[PDB]
Structure formats: C-alpha cells, structure tokens
>>> print(open('query_29.txt').read())   # compact mmCIF, C-alpha atoms and all ligand atoms
# COMPACT_ATOMS: atom_id res chain seq x y z
CA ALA A 1 -16.00 6.54 -33.65
CA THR A 2 -18.73 4.93 -35.78
CA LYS A 3 -17.87 1.90 -37.83
CA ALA A 4 -14.78 -0.01 -36.59
CA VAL A 5 -13.09 -3.31 -37.41
CA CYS A 6 -11.05 -6.02 -35.87
CA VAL A 7 -9.08 -8.89 -37.45
CA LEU A 8 -8.63 -11.93 -35.29
CA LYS A 9 -5.29 -13.78 -35.66
CA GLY A 10 -3.32 -16.22 -33.42
CA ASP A 11 -0.57 -18.90 -33.30
CA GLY A 12 -3.38 -21.41 -33.97
CA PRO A 13 -5.55 -21.93 -37.06
CA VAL A 14 -8.24 -19.46 -35.84
CA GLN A 15 -8.89 -16.33 -37.82
CA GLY A 16 -11.84 -14.01 -38.34
CA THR A 17 -12.84 -10.48 -39.17
CA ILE A 18 -15.44 -8.68 -36.98
CA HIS A 19 -17.12 -5.33 -37.79
CA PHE A 20 -18.70 -2.95 -35.37
CA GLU A 21 -21.11 -0.17 -36.34
CA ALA A 22 -22.79 2.25 -34.09
CA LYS A 23 -26.55 2.30 -34.87
CA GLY A 24 -27.28 4.82 -32.20
CA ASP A 25 -26.90 3.90 -28.47
CA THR A 26 -26.34 0.26 -29.68
CA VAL A 27 -23.41 -1.34 -31.51
CA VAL A 28 -24.02 -3.90 -34.18
CA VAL A 29 -21.20 -6.48 -34.21
CA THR A 30 -20.97 -8.74 -37.26
CA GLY A 31 -18.41 -10.99 -38.89
CA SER A 32 -17.01 -14.43 -39.50
CA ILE A 33 -14.67 -16.58 -37.47
CA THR A 34 -13.02 -19.67 -38.86
CA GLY A 35 -10.67 -22.39 -37.92
CA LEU A 36 -12.34 -23.56 -34.72
CA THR A 37 -13.68 -26.54 -32.73
CA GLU A 38 -17.45 -26.95 -33.31
CA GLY A 39 -19.81 -25.43 -30.68
CA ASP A 40 -19.99 -22.14 -28.68
CA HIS A 41 -16.95 -20.20 -27.52
CA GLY A 42 -16.22 -17.27 -25.30
CA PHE A 43 -16.32 -13.89 -27.11
CA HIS A 44 -15.11 -10.83 -25.27
CA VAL A 45 -13.49 -7.41 -25.23
CA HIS A 46 -10.36 -7.45 -23.16
CA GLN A 47 -9.28 -4.22 -21.56
CA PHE A 48 -6.08 -3.49 -23.64
CA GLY A 49 -5.01 -3.26 -27.30
CA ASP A 50 -1.54 -4.57 -26.38
CA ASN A 51 0.01 -7.18 -28.62
CA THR A 52 3.39 -7.18 -27.05
CA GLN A 53 2.77 -10.55 -25.36
CA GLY A 54 0.30 -11.78 -28.02
CA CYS A 55 -3.24 -12.25 -26.82
CA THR A 56 -1.96 -12.27 -23.24
CA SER A 57 -1.09 -8.56 -22.98
CA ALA A 58 -4.79 -7.76 -23.49
CA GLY A 59 -5.56 -8.65 -19.90
CA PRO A 60 -8.99 -8.95 -18.37
CA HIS A 61 -12.41 -8.06 -19.73
CA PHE A 62 -13.25 -4.36 -19.95
CA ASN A 63 -15.21 -3.51 -16.81
CA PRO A 64 -15.11 0.20 -16.19
CA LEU A 65 -18.08 -0.38 -13.81
CA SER A 66 -16.07 -2.50 -11.37
CA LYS A 67 -18.50 -5.53 -11.79
CA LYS A 68 -18.69 -9.23 -12.30
CA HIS A 69 -18.93 -11.51 -15.20
CA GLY A 70 -22.04 -12.49 -17.07
CA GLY A 71 -23.77 -12.74 -20.45
CA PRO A 72 -24.73 -9.95 -22.89
CA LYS A 73 -27.98 -10.06 -21.15
CA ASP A 74 -27.38 -9.93 -17.42
CA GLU A 75 -27.43 -6.56 -15.65
CA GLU A 76 -24.53 -8.08 -13.82
CA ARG A 77 -22.18 -8.13 -16.68
CA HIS A 78 -18.80 -6.84 -17.73
CA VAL A 79 -18.97 -4.18 -20.54
CA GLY A 80 -16.57 -6.52 -22.32
CA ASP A 81 -18.97 -9.41 -22.54
CA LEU A 82 -20.77 -10.47 -25.53
CA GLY A 83 -21.04 -14.12 -24.57
CA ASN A 84 -20.49 -17.02 -26.95
CA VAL A 85 -20.14 -17.39 -30.75
CA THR A 86 -21.32 -20.77 -32.16
CA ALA A 87 -19.19 -22.74 -34.64
CA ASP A 88 -20.24 -25.40 -37.15
CA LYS A 89 -18.69 -26.72 -40.28
CA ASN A 90 -15.60 -26.13 -41.40
CA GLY A 91 -15.50 -24.75 -37.83
CA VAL A 92 -17.12 -21.57 -38.63
CA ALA A 93 -19.60 -19.06 -37.64
CA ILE A 94 -21.91 -16.61 -36.70
CA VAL A 95 -21.16 -13.19 -35.58
CA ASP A 96 -24.26 -11.01 -35.38
CA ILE A 97 -24.93 -9.28 -32.11
CA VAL A 98 -26.51 -5.98 -31.06
CA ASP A 99 -25.36 -4.47 -27.75
CA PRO A 100 -26.87 -1.78 -25.54
CA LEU A 101 -23.81 -2.01 -23.26
CA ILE A 102 -20.51 -1.59 -25.20
CA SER A 103 -19.71 1.42 -27.40
CA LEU A 104 -17.01 3.57 -29.02
CA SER A 105 -18.01 6.85 -27.55
CA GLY A 106 -15.41 6.94 -24.94
CA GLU A 107 -15.72 5.83 -21.39
CA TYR A 108 -17.09 2.50 -22.59
CA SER A 109 -15.70 2.93 -26.11
CA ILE A 110 -14.13 -0.42 -27.12
CA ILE A 111 -11.57 0.77 -29.60
CA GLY A 112 -7.93 0.48 -29.09
CA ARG A 113 -9.30 -2.54 -27.23
CA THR A 114 -8.85 -6.23 -27.95
CA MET A 115 -11.42 -8.62 -29.26
CA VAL A 116 -10.78 -12.21 -28.03
CA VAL A 117 -12.24 -15.55 -28.89
CA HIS A 118 -11.48 -18.21 -26.33
CA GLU A 119 -10.93 -21.87 -26.56
CA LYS A 120 -13.91 -22.92 -24.40
CA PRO A 121 -17.42 -21.70 -23.67
CA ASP A 122 -18.35 -19.02 -21.14
CA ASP A 123 -20.55 -20.00 -18.15
CA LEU A 124 -22.02 -16.64 -19.02
CA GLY A 125 -24.26 -14.87 -16.48
CA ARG A 126 -24.91 -17.61 -13.95
CA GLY A 127 -22.98 -20.71 -13.01
CA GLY A 128 -19.45 -21.58 -11.78
CA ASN A 129 -17.37 -20.77 -8.71
CA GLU A 130 -14.53 -18.12 -8.55
CA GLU A 131 -13.03 -17.88 -12.11
CA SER A 132 -16.61 -18.13 -13.32
CA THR A 133 -17.72 -14.99 -11.59
CA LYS A 134 -15.28 -12.78 -13.37
CA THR A 135 -13.78 -14.70 -16.15
CA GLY A 136 -16.18 -17.14 -17.97
CA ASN A 137 -14.33 -20.38 -17.62
CA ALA A 138 -13.84 -19.81 -21.43
CA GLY A 139 -10.07 -20.06 -21.07
CA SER A 140 -7.35 -20.20 -23.70
CA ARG A 141 -7.67 -17.33 -26.18
CA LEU A 142 -6.67 -18.54 -29.61
CA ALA A 143 -7.23 -15.29 -31.64
CA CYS A 144 -7.35 -11.68 -30.79
CA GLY A 145 -7.18 -8.33 -32.37
CA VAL A 146 -7.01 -4.67 -31.52
CA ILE A 147 -10.29 -2.92 -32.61
CA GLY A 148 -9.61 -0.07 -34.96
CA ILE A 149 -11.55 2.54 -36.85
CA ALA A 150 -12.92 1.90 -40.31
CA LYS A 151 -15.30 3.93 -42.37
CA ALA B 1 -6.21 7.20 -23.54
CA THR B 2 -3.37 8.33 -21.27
CA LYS B 3 -1.11 5.65 -22.66
CA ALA B 4 -0.80 3.59 -25.81
CA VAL B 5 1.22 0.99 -27.72
CA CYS B 6 1.65 -0.08 -31.33
CA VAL B 7 3.29 -3.26 -32.63
CA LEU B 8 4.78 -2.63 -36.00
CA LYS B 9 4.36 -5.75 -38.01
CA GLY B 10 5.04 -5.84 -41.73
CA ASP B 11 4.99 -8.23 -44.63
CA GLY B 12 8.77 -8.22 -45.19
CA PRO B 13 11.08 -8.70 -42.14
CA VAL B 14 10.46 -5.18 -40.90
CA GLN B 15 9.34 -4.60 -37.39
CA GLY B 16 9.42 -2.54 -34.18
CA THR B 17 7.35 -1.55 -31.06
CA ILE B 18 6.32 2.04 -30.43
CA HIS B 19 5.01 3.67 -27.29
CA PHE B 20 2.90 6.80 -26.81
CA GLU B 21 2.54 8.67 -23.51
CA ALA B 22 0.22 11.58 -23.15
CA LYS B 23 2.62 13.64 -21.09
CA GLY B 24 1.43 17.20 -21.64
CA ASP B 25 -0.49 18.67 -24.47
CA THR B 26 2.17 16.78 -26.01
CA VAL B 27 2.37 13.11 -26.87
CA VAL B 28 5.81 11.59 -26.43
CA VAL B 29 6.42 8.72 -28.88
CA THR B 30 9.17 6.29 -28.11
CA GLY B 31 10.44 2.98 -29.44
CA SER B 32 12.68 1.00 -31.72
CA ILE B 33 12.32 -0.50 -35.13
CA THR B 34 14.42 -3.20 -36.76
CA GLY B 35 14.44 -4.39 -40.35
CA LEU B 36 15.16 -1.06 -42.06
CA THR B 37 17.97 0.40 -44.16
CA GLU B 38 19.97 3.38 -43.27
CA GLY B 39 18.18 6.28 -43.82
CA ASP B 40 15.21 8.22 -42.97
CA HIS B 41 11.99 6.48 -43.26
CA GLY B 42 8.56 8.01 -43.50
CA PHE B 43 6.76 7.77 -40.12
CA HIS B 44 3.02 8.48 -40.15
CA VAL B 45 -0.33 7.92 -38.50
CA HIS B 46 -2.69 6.77 -41.20
CA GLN B 47 -6.32 7.42 -40.17
CA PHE B 48 -7.36 3.85 -39.92
CA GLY B 49 -7.71 0.97 -37.80
CA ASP B 50 -7.85 -2.18 -39.83
CA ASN B 51 -5.38 -3.96 -41.85
CA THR B 52 -8.16 -6.29 -42.70
CA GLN B 53 -6.11 -6.78 -45.92
CA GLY B 54 -2.75 -5.35 -44.89
CA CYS B 55 -1.04 -2.02 -44.44
CA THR B 56 -3.12 -1.07 -47.49
CA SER B 57 -6.35 -0.72 -45.61
CA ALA B 58 -5.05 1.98 -43.24
CA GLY B 59 -5.85 4.61 -45.77
CA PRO B 60 -4.26 7.97 -45.95
CA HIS B 61 -2.61 10.06 -43.08
CA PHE B 62 -5.14 11.32 -40.61
CA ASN B 63 -6.22 14.76 -41.76
CA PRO B 64 -9.36 15.92 -39.86
CA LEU B 65 -8.84 19.54 -40.98
CA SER B 66 -8.44 18.81 -44.73
CA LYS B 67 -4.93 20.33 -45.04
CA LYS B 68 -1.79 19.45 -46.98
CA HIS B 69 1.22 17.23 -46.11
CA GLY B 70 4.22 18.36 -44.23
CA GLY B 71 6.55 17.82 -41.35
CA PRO B 72 6.26 17.47 -37.67
CA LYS B 73 7.76 20.90 -37.24
CA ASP B 74 5.13 22.55 -39.55
CA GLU B 75 2.08 24.74 -39.51
CA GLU B 76 0.71 23.24 -42.78
CA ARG B 77 0.85 19.50 -42.37
CA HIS B 78 -1.44 16.54 -41.55
CA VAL B 79 -2.08 15.42 -37.92
CA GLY B 80 -0.60 12.20 -39.25
CA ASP B 81 2.81 13.64 -40.25
CA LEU B 82 5.57 12.67 -37.73
CA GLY B 83 8.21 12.79 -40.33
CA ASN B 84 11.19 10.45 -40.69
CA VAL B 85 12.90 7.69 -38.63
CA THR B 86 16.62 7.38 -39.47
CA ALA B 87 18.16 3.94 -39.52
CA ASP B 88 21.87 3.02 -38.62
CA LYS B 89 24.37 0.92 -40.30
CA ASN B 90 22.23 -2.18 -39.41
CA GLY B 91 19.01 -3.18 -37.91
CA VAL B 92 17.85 -0.14 -35.86
CA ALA B 93 15.89 3.05 -35.62
CA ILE B 94 15.46 4.89 -32.27
CA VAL B 95 12.35 6.91 -31.91
CA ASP B 96 12.22 9.92 -29.67
CA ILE B 97 9.31 12.28 -30.69
CA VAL B 98 7.06 14.77 -28.89
CA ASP B 99 4.05 16.03 -30.87
CA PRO B 100 1.82 19.00 -30.24
CA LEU B 101 -0.95 17.68 -32.46
CA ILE B 102 -1.81 14.09 -31.59
CA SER B 103 -3.48 12.74 -28.50
CA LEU B 104 -5.31 9.74 -27.19
CA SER B 105 -7.66 12.21 -25.55
CA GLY B 106 -10.50 12.31 -27.99
CA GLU B 107 -10.90 14.09 -31.34
CA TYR B 108 -7.42 14.29 -32.89
CA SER B 109 -6.89 11.10 -30.94
CA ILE B 110 -4.68 8.46 -32.55
CA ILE B 111 -6.13 5.42 -30.72
CA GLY B 112 -7.54 2.93 -33.17
CA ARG B 113 -5.63 4.16 -36.25
CA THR B 114 -2.45 2.83 -37.87
CA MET B 115 1.21 3.66 -37.27
CA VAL B 116 3.09 3.15 -40.56
CA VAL B 117 6.62 3.20 -41.64
CA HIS B 118 7.33 3.74 -45.29
CA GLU B 119 10.28 2.96 -47.53
CA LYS B 120 12.32 6.06 -48.16
CA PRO B 121 12.13 9.46 -46.61
CA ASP B 122 9.34 11.99 -46.13
CA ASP B 123 10.67 15.12 -47.82
CA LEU B 124 8.20 17.00 -45.81
CA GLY B 125 5.63 18.09 -48.30
CA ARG B 126 7.80 20.46 -50.27
CA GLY B 127 10.86 19.08 -52.05
CA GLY B 128 8.90 18.04 -55.24
CA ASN B 129 5.37 18.62 -56.44
CA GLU B 130 1.95 16.99 -56.40
CA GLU B 131 2.08 13.92 -54.12
CA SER B 132 4.63 15.47 -51.91
CA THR B 133 1.82 17.58 -50.86
CA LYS B 134 0.02 14.41 -49.91
CA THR B 135 1.99 11.38 -49.06
CA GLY B 136 5.19 13.32 -48.71
CA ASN B 137 6.61 10.89 -51.23
CA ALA B 138 8.29 9.30 -48.16
CA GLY B 139 7.47 6.21 -49.93
CA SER B 140 5.57 2.97 -49.53
CA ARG B 141 4.58 0.82 -46.51
CA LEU B 142 5.59 -2.39 -44.85
CA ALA B 143 5.35 -2.27 -41.15
CA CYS B 144 2.19 -0.94 -39.65
CA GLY B 145 0.35 -1.46 -36.43
CA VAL B 146 -3.02 -0.52 -35.08
CA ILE B 147 -2.37 1.88 -32.18
CA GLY B 148 -4.11 0.53 -29.02
CA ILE B 149 -4.63 1.56 -25.37
CA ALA B 150 -1.87 0.49 -22.98
CA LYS B 151 -1.75 -0.19 -19.25
CU CU A 201 -12.18 -13.26 -22.36
CU CU A 202 2.30 7.62 -44.69
ZN ZN A 203 -16.34 -10.95 -18.28
ZN ZN A 204 0.95 13.36 -44.52
>>> encode(input="query_29.txt", output="structure tokens", more="lines below")
Ligand SMILES: [Cu+2]
Ligand SMILES: [Cu+2]
Ligand SMILES: [Zn+2]
Ligand SMILES: [Zn+2]
Amino acid sequence: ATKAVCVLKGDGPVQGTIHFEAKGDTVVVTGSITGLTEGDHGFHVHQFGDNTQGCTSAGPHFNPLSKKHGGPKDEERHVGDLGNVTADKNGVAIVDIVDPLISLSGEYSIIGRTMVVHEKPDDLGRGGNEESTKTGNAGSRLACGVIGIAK
Amino acid sequence: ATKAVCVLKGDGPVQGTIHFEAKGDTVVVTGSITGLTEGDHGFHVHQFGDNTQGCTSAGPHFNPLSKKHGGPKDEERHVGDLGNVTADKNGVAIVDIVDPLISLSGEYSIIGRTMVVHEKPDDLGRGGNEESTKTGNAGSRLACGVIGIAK
C-alpha cells in the first residue's frame, strides 16, 4: 500500500513511468509516457502482473465486479479503466488522473497488476458493438508494466 | 494473492522465471534461472516494486519487523531472506523453496516487491561482521523482477 510505481516498456518505442499515491479513498495517478502516435490512447489496468508472454500475459481489464467496459466516469465501468491519455509532441503526455474506483487496499488493489497503454483510443463508456462493451476498441498494447510498491 | 509470478530480468545476460504458490501458511517458490555461475547466489525479496532505474531502486530486503539479516531457516532474519540459489556447471539454478514467512495474503505479502538474485552467496547473516547482518554480503544484484499476481 500507499505510493506505488509502474514503468512502462515494450518491443516498440513506447516508454513511460506512472506513479500512484493513495490520497484517501482516491488514487492519484501521475506520470509521463513517451514514444507514441499523437492523440488519445487507451489506458488501463489489466488483471495480471504476468510478463511471461510480454504484455499479453496480463489478460483482460481488472473487473472484480463482473461488469462492462466504460470510462473513468461511467458507473458502468471496469475497475481497470482510466480511459485515454493524450499525446502531443515528441509523442508525449499527460498522466494526471484521480480515481474513486481503483485502489491498493486489496480487493480492488491494483498492485501486482499491469498498467497498459494501447495503440488506439478507447470508445470509453458509450459506443461500439461487442469488443467495445468490454474491451475499448483500444487494441494493440505497446507498453506495459507490473505496478509495484514505492515509498 | 493465491498465486504469483516474477520474471527475473537483469542488465547482464542473467535471467530466470520464478513462481509462488500460497499452498499453506507456507509459500512454495519454484523456478529456474539461467545466466549464473556455479555457486550459491543470494536470493532475496527486496521491499520494493519499481526498478524505475534498475535493480537499484528495489531497496533493501523487506523487513517489516526491523530485525537483522539471516537465513531462511532462521529465527532472526528478514522476511526477505530466502537464502542462496546454487548454480551447476553451466547455465542453471533450480529453485525449490517453501517459506513460513512470506505470503501474497496481505501484510507480510510479497506482491508488488522485487525478487533479486545477487552475485555470490548469502552467508546467512553470521559468517563476517557488519553488513552480513544486513545484506548478508551475498553480494550485488543483476536480475530482479517485480513480483506480480498470477492466474
Ligand atoms: Cu486494455
Ligand atoms: Cu538482497
Ligand atoms: Zn475495460
Ligand atoms: Zn536480508
């Protein structure tokens, strides 16, 4: 608990460092991401901290509340979803988010979990068809990292 | 926290994959490691999570009860002490340990911290003096992984 970090790496040029700090009931997520394609991209916490098959072994979005996929904002959201980060350039940006949903407090604690940044934007809470409604239509994950304590 | 994995990456050619199964009020740690040397290698859970700047960043052996360094077997040792991993002739280490002190469970939980392998042996807190008592001497890093939650 309290104060955690995650370093985003991949087989592509995408890298970043994200920090997470509990500020009571909420988690403040900050950081930089670089080496991207300009615009918004899918930013989620994927159920496992497994790097045995790269960013694939992470699996789906952490949803301990069996639900569907949305934005940070929808009630109908996946604990694991934090929406989209926006890049500009270089092909960098912006991580500052405050979440009432995720944690590190157990049963909804996001540590030992993987942080992924996808290669396309999230349809967030609304839009698509099947893969929208539990995925984002974000797609190819180019960087991921297991979330670990810090202090 | 009923299962975990760690992917031992290092900045040398050193590497392995270790598995943790909460099978009792005992955690059974399994795996292999390649890259090594011969010999016993220090094998320890360093209190922290990100390698945001290498194996350096992991800090010191997780010691919640501010005690001194020792061996697995011991009553005066860090939760982080798992001892040594002996190597071969070439390439491999075989890890087979059960530990009464770690867990994934909560508290003394090792999910989110770092699994490190050191050059040289851990001479279990007493062989030596001042640093033994700490580090174990068991010498230097170069493969570490953030322990994460496993399917
Ligand atoms: Cu995702
Ligand atoms: Cu150590
Ligand atoms: Zn989702
Ligand atoms: Zn120690």
>>> residues_near_ligand(input="query_29.txt", ligand="ligand CU 202 (chain A)", cutoff="6 Å", atoms="only C-alpha atoms and all ligand atoms", output="ChimeraX atom specification")
/B:44,61,135
>>> atom_distance(input="query_29.txt", atom1="atom CA of residue 47 of chain B", atom2="atom CA of residue 65 of chain B")
12.4 Å
>>> calpha_fit_rmsd(input="query_29.txt", fixed="chain A", moving="chain B")
0.8 Å
>>> interface_residues(input="query_29.txt", of="chain A", to="chain B", cutoff="7 Å", atoms="all atoms listed in the file", output="ChimeraX atom specification")
/A:5-7,48-52,111-113,146-150
>>> write_last_selection(input="query_29.txt", atoms="C-alpha atoms", output="compact mmCIF listing (two decimals), keeping the file's coordinate frame")
# COMPACT_ATOMS: atom_id res chain seq x y z
CA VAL A 5 -13.09 -3.31 -37.41
CA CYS A 6 -11.05 -6.02 -35.87
CA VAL A 7 -9.08 -8.89 -37.45
CA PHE A 48 -6.08 -3.49 -23.64
CA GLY A 49 -5.01 -3.26 -27.30
CA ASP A 50 -1.54 -4.57 -26.38
CA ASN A 51 0.01 -7.18 -28.62
CA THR A 52 3.39 -7.18 -27.05
CA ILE A 111 -11.57 0.77 -29.60
CA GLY A 112 -7.93 0.48 -29.09
CA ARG A 113 -9.30 -2.54 -27.23
CA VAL A 146 -7.01 -4.67 -31.52
CA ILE A 147 -10.29 -2.92 -32.61
CA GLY A 148 -9.61 -0.07 -34.96
CA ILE A 149 -11.55 2.54 -36.85
CA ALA A 150 -12.92 1.90 -40.31
>>> atom_distance(input="query_29.txt", atom1="atom CA of residue 122 of chain B", atom2="atom CA of residue 86 of chain B")
10.9 Å
>>> residues_near_ligand(input="query_29.txt", ligand="ligand CU 201 (chain A)", cutoff="9 Å", atoms="all atoms listed in the file", output="PyMOL selection string")
chain A and resi 42-46+59-61+80-81+115-118+122+135-141
>>> write_last_selection(input="query_29.txt", atoms="C-alpha atoms", output="compact mmCIF listing (two decimals), keeping the file's coordinate frame")
# COMPACT_ATOMS: atom_id res chain seq x y z
CA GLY A 42 -16.22 -17.27 -25.30
CA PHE A 43 -16.32 -13.89 -27.11
CA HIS A 44 -15.11 -10.83 -25.27
CA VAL A 45 -13.49 -7.41 -25.23
CA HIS A 46 -10.36 -7.45 -23.16
CA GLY A 59 -5.56 -8.65 -19.90
CA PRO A 60 -8.99 -8.95 -18.37
CA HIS A 61 -12.41 -8.06 -19.73
CA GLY A 80 -16.57 -6.52 -22.32
CA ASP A 81 -18.97 -9.41 -22.54
CA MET A 115 -11.42 -8.62 -29.26
CA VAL A 116 -10.78 -12.21 -28.03
CA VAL A 117 -12.24 -15.55 -28.89
CA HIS A 118 -11.48 -18.21 -26.33
CA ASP A 122 -18.35 -19.02 -21.14
CA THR A 135 -13.78 -14.70 -16.15
CA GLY A 136 -16.18 -17.14 -17.97
CA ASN A 137 -14.33 -20.38 -17.62
CA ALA A 138 -13.84 -19.81 -21.43
CA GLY A 139 -10.07 -20.06 -21.07
CA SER A 140 -7.35 -20.20 -23.70
CA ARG A 141 -7.67 -17.33 -26.18
>>> atom_distance(input="query_29.txt", atom1="atom CA of residue 54 of chain A", atom2="atom CA of residue 26 of chain A")
29.3 Å
>>> residues_near_point(input="query_29.txt", point="(9.0, 16.1, -50.2)", cutoff="12 Å", atoms="all atoms listed in the file", output="PyMOL selection string")
chain B and resi 42+68-71+77+81+83-84+120-139
>>> closest_residue(input="query_29.txt", among="A:15, A:30, A:66, A:103", to="ligand ZN 203 (chain A)", atoms="only C-alpha atoms and all ligand atoms")
A:66
>>> axis_aligned_box(input="query_29.txt", around="segment 19-22 of chain B", padding_each_side="4 Å", output="lines of an AutoDock Vina configuration file")
center_x = 2.6
center_y = 7.6
center_z = -25.2
size_x = 12.8
size_y = 15.9
size_z = 12.1
>>> residues_around(input="query_29.txt", residues="residue 64 of chain A", least_positions_apart="3", cutoff="9 Å", atoms="only C-alpha atoms", output="ChimeraX atom specification")
/A:67,78-79,107-108
>>> decode(input="query_29.txt", residues="segment 17-41 of chain A", atoms="N, CA and C atoms", output="CSV table (one decimal), in the first residue's frame")
chain,number,residue,atom,x,y,z
A,17,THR,N,6.8,6.2,-17.2
A,17,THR,CA,6.8,5.9,-15.8
A,17,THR,C,5.5,6.6,-15.2
A,18,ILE,N,4.8,5.8,-14.5
A,18,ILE,CA,3.5,6.2,-13.8
A,18,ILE,C,3.6,6.0,-12.3
A,19,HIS,N,3.1,7.0,-11.6
A,19,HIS,CA,3.1,6.9,-10.1
A,19,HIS,C,1.7,6.9,-9.7
A,20,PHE,N,1.5,6.3,-8.5
A,20,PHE,CA,0.2,6.1,-7.9
A,20,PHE,C,0.3,6.4,-6.4
A,21,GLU,N,-0.5,7.3,-5.9
A,21,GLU,CA,-0.5,7.6,-4.5
A,21,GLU,C,-1.9,7.7,-4.0
A,22,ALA,N,-2.0,7.0,-2.9
A,22,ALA,CA,-3.3,7.0,-2.2
A,22,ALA,C,-3.4,8.3,-1.6
A,23,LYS,N,-4.5,9.0,-1.7
A,23,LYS,CA,-4.8,10.3,-1.1
A,23,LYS,C,-6.3,9.9,-0.8
A,24,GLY,N,-6.4,9.2,0.3
A,24,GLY,CA,-7.5,8.7,0.9
A,24,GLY,C,-8.8,8.2,0.4
A,25,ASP,N,-9.0,7.2,-0.3
A,25,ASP,CA,-10.3,6.7,-0.8
A,25,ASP,C,-10.1,6.8,-2.3
A,26,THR,N,-9.3,7.8,-2.8
A,26,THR,CA,-8.9,8.1,-4.1
A,26,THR,C,-7.5,7.7,-4.4
A,27,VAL,N,-7.1,7.6,-5.7
A,27,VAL,CA,-5.7,7.3,-6.0
A,27,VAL,C,-5.4,8.3,-7.1
A,28,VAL,N,-4.3,8.9,-6.9
A,28,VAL,CA,-3.8,10.0,-7.7
A,28,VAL,C,-2.7,9.3,-8.6
A,29,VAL,N,-3.0,9.2,-9.9
A,29,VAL,CA,-2.1,8.6,-10.9
A,29,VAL,C,-1.5,9.7,-11.7
A,30,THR,N,-0.2,9.8,-11.7
A,30,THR,CA,0.6,10.8,-12.4
A,30,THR,C,1.8,10.1,-13.2
A,31,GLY,N,2.4,10.8,-14.1
A,31,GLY,CA,3.5,10.3,-14.9
A,31,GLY,C,3.5,10.9,-16.3
A,32,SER,N,4.6,10.3,-17.0
A,32,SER,CA,4.9,10.7,-18.4
A,32,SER,C,4.9,9.3,-19.1
A,33,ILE,N,4.5,9.5,-20.4
A,33,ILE,CA,4.6,8.5,-21.4
A,33,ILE,C,5.2,9.2,-22.7
A,34,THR,N,6.1,8.4,-23.3
A,34,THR,CA,6.7,8.9,-24.5
A,34,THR,C,6.8,7.8,-25.5
A,35,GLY,N,7.1,8.4,-26.6
A,35,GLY,CA,7.3,7.4,-27.8
A,35,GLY,C,6.0,6.9,-28.3
A,36,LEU,N,5.2,7.8,-28.7
A,36,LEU,CA,3.8,7.5,-29.2
A,36,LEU,C,3.4,8.2,-30.4
A,37,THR,N,2.2,7.9,-30.8
A,37,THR,CA,1.5,8.4,-32.0
A,37,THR,C,0.6,9.5,-31.5
A,38,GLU,N,0.6,10.7,-31.9
A,38,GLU,CA,-0.1,11.8,-31.4
A,38,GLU,C,-1.6,11.6,-31.2
A,39,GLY,N,-2.3,12.0,-30.2
A,39,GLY,CA,-3.7,11.8,-29.9
A,39,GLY,C,-3.9,11.0,-28.6
A,40,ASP,N,-5.1,10.6,-28.3
A,40,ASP,CA,-5.5,9.8,-27.1
A,40,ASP,C,-5.4,8.4,-27.2
A,41,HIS,N,-4.9,7.7,-26.2
A,41,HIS,CA,-4.8,6.2,-26.3
A,41,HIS,C,-5.2,5.6,-25.0
